[PDB]
């Protein structure tokens, strides 16, 4: 397997619809040793779900908390000597930030929270996982969406936060590359997951993507997963600071009839 032996932490596994789940499947298939995090309440949900991947640890981490992030690495450090990759696959903004008119809906706090959890958290993982990742061709991969590059209806404050996320990825790539750590992002097409169920007309966004995309289909979690897997391998050691669109070609078209 092209991740044989590599020790990789996956955040954001929540259901078997989660992009994290596709990432997990793809890495397990490639011989990685996996560890997972969960937010307070979902301890049991998550342990059950990822038991099939034979996890070396399953640990709490609510990225709102500097402490928990700190502890994540202390505990993980008891199990592993180094860390080969961190997969950041978490996002959040309050419900009210995410439909209707951007300017009517945006609030100071809701803007703040979305950035805190969806963007700052990536640098915070990087900050705390740094020393475990020094000098072993390590990797980080964040999950992002095209609403970072373009104004879309509904995505709103998450679009602005994903923008922050992508800038963070690049500043992080620059800051960690002296330690040999590569840092990249995968910009997924829309996928029906738990996060998606907040959005009332999601099936239509999906249909529009499949219609307008060059490949005339929707992406699935394995396509994304496999891509994240690859970006955590020795094969990608020439790639950093990069956004790879895994979106059936959506990003490259304009005006699909």
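Rigid core (definition): largest C-alpha set, two forms, superposition within 1.5 Å. Residue numbers count along the first chain shown, from 1.
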| item | value |
| --- | --- |
| Core-aligned Cα RMS comparison in 4 other deposited structures of this protein - stretch that moves more, 187-195 or 202-210 | 202-210 |
| Entry-level comparison of average CA B-factors, 136-144 and 167-175, reporting the higher stretch | 136-144 |
| Average Cα temperature factor in the PDB entry - higher stretch of 31-39, 228-236 | 31-39 |
| Top Cα B factor in the deposited entry, candidates 26, 195, 63, 58 | 195 |
| Third of the chain's Cα B-factor distribution that residue 118 belongs to, per the entry | lowest |
| Chain thirds of CA B-factor: placement of residue 83 | middle |
| Chain thirds of CA B-factor: placement of residue 252 | middle |
| Where the record places residue 157 (Cα B-factor, split into thirds across the chain) | middle |
| Residue 182 by Cα B-factor - lowest, middle or highest third of the modelled chain | lowest |
